[PDB]
>>> print(open('input.csv').read())   # CSV, C-alpha atoms
chain,number,residue,atom,x,y,z
Y,583,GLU,CA,162.1,-75.7,-6.2
Y,584,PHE,CA,165.2,-75.0,-4.2
Y,585,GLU,CA,164.1,-71.8,-2.6
Y,586,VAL,CA,160.9,-73.4,-1.4
Y,587,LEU,CA,162.5,-76.4,0.2
Y,588,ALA,CA,165.1,-74.3,1.9
Y,589,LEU,CA,162.2,-72.2,3.0
Y,590,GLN,CA,160.1,-75.1,4.3
Y,591,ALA,CA,163.2,-76.2,6.2
Y,592,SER,CA,163.6,-72.9,7.9
Y,593,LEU,CA,160.0,-73.1,8.9
Y,594,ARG,CA,160.2,-76.6,10.5
Y,595,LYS,CA,163.3,-75.3,12.3
Y,596,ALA,CA,161.5,-72.2,13.7
Y,597,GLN,CA,158.6,-74.4,14.6
Y,598,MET,CA,160.9,-76.7,16.4
Y,599,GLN,CA,162.7,-73.8,18.1
Y,600,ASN,CA,159.2,-72.6,19.2
Y,601,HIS,CA,158.0,-75.8,20.8
Y,602,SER,CA,161.3,-75.7,22.7
Y,603,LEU,CA,160.7,-72.2,24.0
Y,604,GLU,CA,157.1,-73.0,25.0
Y,605,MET,CA,158.3,-75.9,27.0
Y,606,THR,CA,161.3,-74.0,28.5
Y,607,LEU,CA,158.8,-71.3,29.5
Y,608,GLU,CA,156.4,-73.7,31.2
Y,609,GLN,CA,159.3,-75.1,33.2
Y,610,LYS,CA,160.5,-71.7,34.2
Y,611,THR,CA,157.0,-70.9,35.4
Y,612,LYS,CA,157.0,-73.9,37.7
Y,613,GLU,CA,160.3,-72.8,39.1
Y,614,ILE,CA,158.9,-69.4,39.9
Y,615,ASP,CA,155.9,-70.7,41.8
Y,616,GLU,CA,158.2,-73.0,43.8
Y,617,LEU,CA,160.6,-70.2,44.9
Y,618,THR,CA,157.5,-68.3,45.8
Y,619,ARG,CA,156.3,-71.1,48.1
Y,620,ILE,CA,159.7,-71.6,49.6
Y,621,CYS,CA,160.3,-68.0,50.4
Y,622,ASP,CA,156.8,-67.5,51.8
Y,623,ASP,CA,157.1,-70.5,54.2
Y,624,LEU,CA,160.4,-69.1,55.6
Y,625,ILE,CA,159.1,-65.6,56.2
Y,626,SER,CA,155.9,-67.1,57.5
Y,627,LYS,CA,158.0,-68.9,60.2
Y,628,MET,CA,160.4,-66.1,61.0
Y,629,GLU,CA,157.6,-64.1,62.7
G,583,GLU,CA,156.4,-67.1,-7.2
G,584,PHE,CA,153.2,-66.5,-5.2
G,585,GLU,CA,153.8,-69.6,-3.0
G,586,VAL,CA,157.2,-68.5,-1.9
G,587,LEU,CA,155.7,-65.3,-0.6
G,588,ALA,CA,153.3,-67.3,1.6
G,589,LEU,CA,156.0,-69.3,3.2
G,590,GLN,CA,158.2,-66.2,3.5
G,591,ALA,CA,155.3,-64.7,5.5
G,592,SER,CA,154.7,-67.8,7.7
G,593,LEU,CA,158.4,-67.9,8.5
G,594,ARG,CA,158.7,-64.4,9.8
G,595,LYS,CA,155.5,-64.9,11.8
G,596,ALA,CA,157.1,-67.9,13.4
G,597,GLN,CA,160.2,-66.0,14.1
G,598,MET,CA,158.2,-63.2,15.5
G,599,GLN,CA,156.5,-65.4,18.0
G,600,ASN,CA,159.7,-67.0,19.0
G,601,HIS,CA,161.3,-63.6,19.7
G,602,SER,CA,158.2,-62.8,21.6
G,603,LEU,CA,158.5,-65.9,23.6
G,604,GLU,CA,162.0,-65.3,24.6
G,605,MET,CA,161.0,-61.8,25.6
G,606,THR,CA,158.7,-63.3,28.2
G,607,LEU,CA,161.4,-65.8,29.0
G,608,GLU,CA,163.9,-63.0,29.5
G,609,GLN,CA,161.8,-61.2,32.0
G,610,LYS,CA,160.8,-64.4,33.6
G,611,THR,CA,164.4,-65.3,34.2
G,612,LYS,CA,165.1,-62.0,35.9
G,613,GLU,CA,162.4,-63.0,38.4
G,614,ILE,CA,164.0,-66.4,39.0
G,615,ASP,CA,167.4,-65.0,39.6
G,616,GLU,CA,166.2,-62.3,42.0
G,617,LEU,CA,164.1,-64.7,44.0
G,618,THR,CA,167.0,-67.1,44.3
G,619,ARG,CA,169.0,-64.3,45.8
G,620,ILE,CA,166.3,-63.4,48.3
G,621,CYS,CA,165.8,-67.1,49.1
G,622,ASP,CA,169.4,-67.9,49.6
G,623,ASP,CA,169.5,-64.9,51.9
G,624,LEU,CA,166.6,-66.2,54.0
G,625,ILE,CA,168.3,-69.5,54.4
G,626,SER,CA,171.4,-67.6,55.5
G,627,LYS,CA,169.5,-65.4,57.8
G,628,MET,CA,167.4,-68.2,59.4
G,629,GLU,CA,170.6,-70.2,59.9
G,630,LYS,CA,172.1,-67.6,62.2
G,631,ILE,CA,168.9,-67.9,64.2
H,361,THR,CA,146.7,-61.9,47.7
H,362,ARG,CA,150.3,-61.9,48.8
H,363,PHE,CA,153.5,-60.7,47.2
H,364,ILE,CA,157.1,-60.1,48.2
H,365,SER,CA,159.0,-56.9,47.6
H,366,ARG,CA,162.5,-55.8,48.6
H,367,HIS,CA,163.3,-52.1,49.1
H,368,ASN,CA,166.2,-49.8,50.0
H,369,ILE,CA,166.2,-48.0,53.4
H,370,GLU,CA,164.4,-45.0,51.8
H,371,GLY,CA,161.5,-47.3,50.9
H,372,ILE,CA,162.0,-47.5,47.1
H,373,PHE,CA,161.0,-50.7,45.3
H,374,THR,CA,164.0,-52.5,43.9
H,375,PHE,CA,162.2,-55.8,43.3
H,376,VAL,CA,158.7,-57.1,43.3
H,377,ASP,CA,157.4,-60.5,42.3
H,378,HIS,CA,154.6,-60.8,39.7
H,379,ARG,CA,151.9,-61.6,42.3
H,380,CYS,CA,151.6,-57.8,42.6
H,381,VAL,CA,149.6,-57.8,39.4
H,382,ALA,CA,146.9,-60.0,40.9
H,383,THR,CA,147.2,-58.2,44.2
H,384,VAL,CA,147.2,-54.5,43.5
H,385,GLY,CA,146.9,-54.4,39.7
H,386,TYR,CA,150.3,-52.9,38.9
H,387,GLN,CA,153.0,-54.6,36.8
H,388,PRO,CA,156.4,-55.0,38.6
H,389,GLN,CA,158.0,-52.4,36.2
H,390,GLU,CA,155.3,-49.9,37.2
H,391,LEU,CA,156.3,-50.2,40.9
H,392,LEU,CA,160.1,-50.5,40.4
H,393,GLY,CA,162.0,-47.3,41.2
H,394,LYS,CA,159.1,-45.8,43.1
H,395,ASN,CA,158.7,-45.3,46.8
H,396,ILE,CA,156.0,-47.4,48.4
H,397,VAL,CA,154.7,-44.3,50.3
H,398,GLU,CA,153.7,-42.8,47.0
H,399,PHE,CA,151.0,-45.6,46.8
H,400,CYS,CA,150.0,-45.1,50.4
H,401,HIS,CA,146.9,-43.3,51.7
H,402,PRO,CA,147.7,-39.8,53.1
H,403,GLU,CA,146.3,-40.6,56.5
H,404,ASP,CA,148.5,-43.7,56.8
H,405,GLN,CA,151.8,-42.4,55.4
H,406,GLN,CA,153.2,-41.3,58.7
H,407,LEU,CA,152.4,-44.7,60.1
H,408,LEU,CA,154.2,-46.4,57.2
H,409,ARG,CA,157.2,-44.1,57.2
H,410,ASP,CA,157.6,-44.8,61.0
H,411,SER,CA,157.7,-48.5,60.1
H,412,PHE,CA,160.7,-48.1,57.7
H,413,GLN,CA,162.5,-46.1,60.4
H,414,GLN,CA,162.3,-48.8,63.0
H,415,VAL,CA,163.1,-51.9,61.0
H,416,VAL,CA,166.4,-50.3,60.3
H,417,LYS,CA,167.1,-49.6,64.0
H,418,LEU,CA,166.2,-53.2,65.0
H,419,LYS,CA,168.2,-54.9,62.3
H,420,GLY,CA,167.0,-58.4,62.1
H,421,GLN,CA,163.7,-58.7,63.9
H,422,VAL,CA,160.3,-58.2,62.2
H,423,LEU,CA,157.9,-55.4,62.1
H,424,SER,CA,154.3,-55.3,60.9
H,425,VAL,CA,152.1,-52.4,59.7
H,426,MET,CA,148.6,-51.9,58.5
H,427,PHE,CA,147.9,-49.3,55.7
H,428,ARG,CA,145.8,-48.5,52.7
H,429,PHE,CA,147.3,-49.0,49.2
H,430,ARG,CA,146.0,-47.3,46.1
H,431,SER,CA,145.5,-50.0,43.4
H,432,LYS,CA,145.8,-49.6,39.6
H,433,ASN,CA,142.0,-49.7,39.6
H,434,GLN,CA,142.1,-46.8,42.0
H,435,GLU,CA,140.6,-48.2,45.1
H,436,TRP,CA,142.1,-48.3,48.7
H,437,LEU,CA,143.3,-51.9,49.5
H,438,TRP,CA,144.1,-52.7,53.1
H,439,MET,CA,147.6,-54.1,53.3
H,440,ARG,CA,149.3,-55.8,56.2
H,441,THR,CA,153.0,-55.7,55.5
H,442,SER,CA,155.6,-57.5,57.5
H,443,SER,CA,159.1,-56.1,57.1
H,444,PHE,CA,162.7,-56.8,58.2
H,445,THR,CA,166.2,-55.9,57.2
H,446,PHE,CA,168.8,-58.3,55.9
H,447,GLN,CA,172.3,-58.1,57.3
H,448,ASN,CA,175.4,-59.1,55.5
H,452,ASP,CA,177.3,-55.5,59.3
H,453,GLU,CA,175.5,-52.7,57.5
H,454,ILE,CA,172.2,-53.3,55.6
H,455,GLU,CA,171.6,-54.7,52.0
H,456,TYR,CA,167.9,-54.2,51.9
H,457,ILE,CA,164.5,-54.4,53.5
H,458,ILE,CA,162.2,-57.2,52.5
H,459,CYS,CA,158.5,-56.9,52.7
H,460,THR,CA,155.6,-59.3,52.5
H,461,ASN,CA,152.6,-57.4,51.5
H,462,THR,CA,149.3,-59.2,52.3
H,463,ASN,CA,145.9,-57.8,51.2
H,464,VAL,CA,143.3,-58.1,54.1
>>> encode(input="input.csv", output="structure tokens")
Amino acid sequence: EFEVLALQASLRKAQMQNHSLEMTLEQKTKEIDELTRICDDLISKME
Amino acid sequence: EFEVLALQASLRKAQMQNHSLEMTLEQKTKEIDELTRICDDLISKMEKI
Amino acid sequence: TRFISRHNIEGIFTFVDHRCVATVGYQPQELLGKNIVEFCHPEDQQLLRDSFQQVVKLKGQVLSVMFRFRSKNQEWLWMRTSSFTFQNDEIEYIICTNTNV
């Protein structure tokens, strides 16, 4: 009964750690598309 | 007995996906860092002008 | 249908943002380390080389060149690329904005 609870705990921790990564990922994707838009507008105007 | 093995499998699956996510994350951070460099250098270049 | 890429004076990819996948089909890792001319149509390579020679001489101002790019799907895509060096005064790199037309 111990080895299962400790196991269920690990699982909820990994699951928790996963939601974190999927959010961190989404946020990093927005940051990409923004540095894209910024860089392009600057080049676009340097010509 | 048989139940432990099921959780043991579901854990490693979770842990696999996470490592897989932070793979994407790792290559997706390279891209950020490198664009920031280019961007900071376009600010710097356009400022001289 | 636009992506940025920085190069060395020799024309070798040293960075390329992920919009290249959607644009020419290649992953960034597939392009990194290679010379852009390797992906260029034989008839246009001289024109493209001549571009990389002049941006270096001008140091600052912007050139533009039209040429065919062989995509991952193996078809010739017309690319209008604008280029210019970045000064520190030697040269750090050549940036390019490749646009499919």
>>> interface_residues(input="input.csv", of="chain Y", to="chain G", cutoff="9 Å", atoms="all atoms listed in the file", output="PyMOL selection string")
chain Y and resi 585-586+589-590+592-593+596-597+599-600+603-604+606-607+610-611+613-614+617-618+620-621+624-625+628
>>> atom_distance(input="input.csv", atom1="atom CA of residue 373 of chain H", atom2="atom CA of residue 413 of chain H")
15.9 Å
>>> interface_residues(input="input.csv", of="chain H", to="chain Y", cutoff="9 Å", atoms="only C-alpha atoms", output="number ranges by chain")
H: 363-364, 377, 421-423, 442, 460
>>> interface_residues(input="input.csv", of="chain H", to="chain G", cutoff="9 Å", atoms="all atoms listed in the file", output="list in words")
residues 366, 375, 376, 377, 378, 420, 446, 447, 448 and 458 of chain H
>>> atom_distance(input="input.csv", atom1="atom CA of residue 445 of chain H", atom2="atom CA of residue 630 of chain G")
14.0 Å
>>> closest_residue(input="input.csv", among="H:426, H:389, H:381, H:398", to="residue 609 of chain G", atoms="only C-alpha atoms")
H:389
>>> atom_distance(input="input.csv", atom1="atom CA of residue 374 of chain H", atom2="atom CA of residue 397 of chain H")
14.0 Å
>>> residues_around(input="input.csv", residues="segment 415-417 of chain H", least_positions_apart="4", cutoff="12 Å", atoms="all atoms listed in the file", output="number ranges by chain")
H: 367-371, 408-411, 421-425, 442-447, 453-459
>>> write_last_selection(input="input.csv", atoms="C-alpha atoms", output="tab-separated table (two decimals), in the frame of the given file")
chain	number	residue	atom	x	y	z
H	367	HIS	CA	163.30	-52.10	49.10
H	368	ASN	CA	166.20	-49.80	50.00
H	369	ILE	CA	166.20	-48.00	53.40
H	370	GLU	CA	164.40	-45.00	51.80
H	371	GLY	CA	161.50	-47.30	50.90
H	408	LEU	CA	154.20	-46.40	57.20
H	409	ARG	CA	157.20	-44.10	57.20
H	410	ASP	CA	157.60	-44.80	61.00
H	411	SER	CA	157.70	-48.50	60.10
H	421	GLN	CA	163.70	-58.70	63.90
H	422	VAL	CA	160.30	-58.20	62.20
H	423	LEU	CA	157.90	-55.40	62.10
H	424	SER	CA	154.30	-55.30	60.90
H	425	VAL	CA	152.10	-52.40	59.70
H	442	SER	CA	155.60	-57.50	57.50
H	443	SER	CA	159.10	-56.10	57.10
H	444	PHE	CA	162.70	-56.80	58.20
H	445	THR	CA	166.20	-55.90	57.20
H	446	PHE	CA	168.80	-58.30	55.90
H	447	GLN	CA	172.30	-58.10	57.30
H	453	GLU	CA	175.50	-52.70	57.50
H	454	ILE	CA	172.20	-53.30	55.60
H	455	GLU	CA	171.60	-54.70	52.00
H	456	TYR	CA	167.90	-54.20	51.90
H	457	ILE	CA	164.50	-54.40	53.50
H	458	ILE	CA	162.20	-57.20	52.50
H	459	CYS	CA	158.50	-56.90	52.70
>>> closest_residue(input="input.csv", among="H:404, H:414, H:393, H:441", to="residue 428 of chain H", atoms="all atoms listed in the file")
H:404
>>> build_atoms(input="input.csv", residues="segment 392-414 of chain H", atoms="N, CA, C and O atoms", output="PDB file, in the frame of the given file")
ATOM      1  N   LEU H 392     158.643 -50.630  40.271  1.00  0.00           N
ATOM      2  CA  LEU H 392     160.100 -50.500  40.400  1.00  0.00           C
ATOM      3  C   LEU H 392     160.548 -49.085  40.281  1.00  0.00           C
ATOM      4  O   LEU H 392     160.115 -48.369  39.375  1.00  0.00           O
ATOM      5  N   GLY H 393     161.412 -48.674  41.201  1.00  0.00           N
ATOM      6  CA  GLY H 393     162.000 -47.300  41.200  1.00  0.00           C
ATOM      7  C   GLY H 393     161.146 -46.341  42.002  1.00  0.00           C
ATOM      8  O   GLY H 393     161.638 -45.260  42.312  1.00  0.00           O
ATOM      9  N   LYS H 394     159.912 -46.694  42.344  1.00  0.00           N
ATOM     10  CA  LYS H 394     159.100 -45.800  43.100  1.00  0.00           C
ATOM     11  C   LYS H 394     159.057 -46.129  44.588  1.00  0.00           C
ATOM     12  O   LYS H 394     159.343 -47.254  44.995  1.00  0.00           O
ATOM     13  N   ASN H 395     158.734 -45.127  45.391  1.00  0.00           N
ATOM     14  CA  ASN H 395     158.700 -45.300  46.800  1.00  0.00           C
ATOM     15  C   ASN H 395     157.288 -45.817  47.171  1.00  0.00           C
ATOM     16  O   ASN H 395     156.290 -45.367  46.617  1.00  0.00           O
ATOM     17  N   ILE H 396     157.239 -46.759  48.096  1.00  0.00           N
ATOM     18  CA  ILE H 396     156.000 -47.400  48.400  1.00  0.00           C
ATOM     19  C   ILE H 396     154.994 -46.389  49.032  1.00  0.00           C
ATOM     20  O   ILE H 396     153.780 -46.568  48.940  1.00  0.00           O
ATOM     21  N   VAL H 397     155.519 -45.327  49.632  1.00  0.00           N
ATOM     22  CA  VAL H 397     154.700 -44.300  50.300  1.00  0.00           C
ATOM     23  C   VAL H 397     153.881 -43.544  49.247  1.00  0.00           C
ATOM     24  O   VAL H 397     152.805 -43.035  49.544  1.00  0.00           O
ATOM     25  N   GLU H 398     154.395 -43.453  48.029  1.00  0.00           N
ATOM     26  CA  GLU H 398     153.700 -42.800  47.000  1.00  0.00           C
ATOM     27  C   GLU H 398     152.325 -43.472  46.691  1.00  0.00           C
ATOM     28  O   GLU H 398     151.377 -42.838  46.227  1.00  0.00           O
ATOM     29  N   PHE H 399     152.242 -44.765  47.008  1.00  0.00           N
ATOM     30  CA  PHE H 399     151.000 -45.600  46.800  1.00  0.00           C
ATOM     31  C   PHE H 399     150.196 -45.670  48.058  1.00  0.00           C
ATOM     32  O   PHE H 399     149.216 -46.400  48.097  1.00  0.00           O
ATOM     33  N   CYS H 400     150.612 -44.965  49.094  1.00  0.00           N
ATOM     34  CA  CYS H 400     150.000 -45.100  50.400  1.00  0.00           C
ATOM     35  C   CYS H 400     148.976 -43.983  50.683  1.00  0.00           C
ATOM     36  O   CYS H 400     149.162 -42.850  50.250  1.00  0.00           O
ATOM     37  N   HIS H 401     147.890 -44.309  51.387  1.00  0.00           N
ATOM     38  CA  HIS H 401     146.900 -43.300  51.700  1.00  0.00           C
ATOM     39  C   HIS H 401     147.430 -42.246  52.637  1.00  0.00           C
ATOM     40  O   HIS H 401     148.132 -42.574  53.589  1.00  0.00           O
ATOM     41  N   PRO H 402     147.125 -40.961  52.365  1.00  0.00           N
ATOM     42  CA  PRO H 402     147.700 -39.800  53.100  1.00  0.00           C
ATOM     43  C   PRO H 402     147.638 -39.956  54.620  1.00  0.00           C
ATOM     44  O   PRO H 402     148.556 -39.546  55.333  1.00  0.00           O
ATOM     45  N   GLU H 403     146.523 -40.492  55.097  1.00  0.00           N
ATOM     46  CA  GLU H 403     146.300 -40.600  56.500  1.00  0.00           C
ATOM     47  C   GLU H 403     147.192 -41.683  57.144  1.00  0.00           C
ATOM     48  O   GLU H 403     147.423 -41.677  58.351  1.00  0.00           O
ATOM     49  N   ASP H 404     147.710 -42.578  56.312  1.00  0.00           N
ATOM     50  CA  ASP H 404     148.500 -43.700  56.800  1.00  0.00           C
ATOM     51  C   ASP H 404     149.980 -43.557  56.521  1.00  0.00           C
ATOM     52  O   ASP H 404     150.768 -44.386  56.954  1.00  0.00           O
ATOM     53  N   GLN H 405     150.379 -42.522  55.799  1.00  0.00           N
ATOM     54  CA  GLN H 405     151.800 -42.400  55.400  1.00  0.00           C
ATOM     55  C   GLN H 405     152.730 -42.275  56.526  1.00  0.00           C
ATOM     56  O   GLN H 405     153.842 -42.795  56.490  1.00  0.00           O
ATOM     57  N   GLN H 406     152.313 -41.537  57.544  1.00  0.00           N
ATOM     58  CA  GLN H 406     153.200 -41.300  58.700  1.00  0.00           C
ATOM     59  C   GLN H 406     153.415 -42.623  59.395  1.00  0.00           C
ATOM     60  O   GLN H 406     154.534 -42.931  59.803  1.00  0.00           O
ATOM     61  N   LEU H 407     152.346 -43.392  59.535  1.00  0.00           N
ATOM     62  CA  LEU H 407     152.400 -44.700  60.100  1.00  0.00           C
ATOM     63  C   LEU H 407     153.384 -45.616  59.365  1.00  0.00           C
ATOM     64  O   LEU H 407     154.178 -46.343  59.961  1.00  0.00           O
ATOM     65  N   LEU H 408     153.325 -45.545  58.039  1.00  0.00           N
ATOM     66  CA  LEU H 408     154.200 -46.400  57.200  1.00  0.00           C
ATOM     67  C   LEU H 408     155.607 -45.954  57.197  1.00  0.00           C
ATOM     68  O   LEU H 408     156.506 -46.786  57.234  1.00  0.00           O
ATOM     69  N   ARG H 409     155.839 -44.652  57.158  1.00  0.00           N
ATOM     70  CA  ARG H 409     157.200 -44.100  57.200  1.00  0.00           C
ATOM     71  C   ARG H 409     157.848 -44.586  58.544  1.00  0.00           C
ATOM     72  O   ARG H 409     159.000 -45.033  58.551  1.00  0.00           O
ATOM     73  N   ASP H 410     157.089 -44.486  59.632  1.00  0.00           N
ATOM     74  CA  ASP H 410     157.600 -44.800  61.000  1.00  0.00           C
ATOM     75  C   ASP H 410     158.006 -46.287  61.027  1.00  0.00           C
ATOM     76  O   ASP H 410     158.885 -46.656  61.805  1.00  0.00           O
ATOM     77  N   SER H 411     157.370 -47.113  60.204  1.00  0.00           N
ATOM     78  CA  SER H 411     157.700 -48.500  60.100  1.00  0.00           C
ATOM     79  C   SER H 411     159.129 -48.678  59.495  1.00  0.00           C
ATOM     80  O   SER H 411     159.956 -49.423  60.021  1.00  0.00           O
ATOM     81  N   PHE H 412     159.378 -47.975  58.394  1.00  0.00           N
ATOM     82  CA  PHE H 412     160.700 -48.100  57.700  1.00  0.00           C
ATOM     83  C   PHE H 412     161.812 -47.463  58.499  1.00  0.00           C
ATOM     84  O   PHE H 412     162.979 -47.745  58.210  1.00  0.00           O
ATOM     85  N   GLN H 413     161.490 -46.622  59.479  1.00  0.00           N
ATOM     86  CA  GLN H 413     162.500 -46.100  60.400  1.00  0.00           C
ATOM     87  C   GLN H 413     162.959 -47.068  61.412  1.00  0.00           C
ATOM     88  O   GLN H 413     164.136 -47.121  61.761  1.00  0.00           O
ATOM     89  N   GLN H 414     162.022 -47.873  61.905  1.00  0.00           N
ATOM     90  CA  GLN H 414     162.300 -48.800  63.000  1.00  0.00           C
ATOM     91  C   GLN H 414     162.930 -50.126  62.576  1.00  0.00           C
ATOM     92  O   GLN H 414     163.766 -50.663  63.300  1.00  0.00           O
TER      93      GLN H 414
END
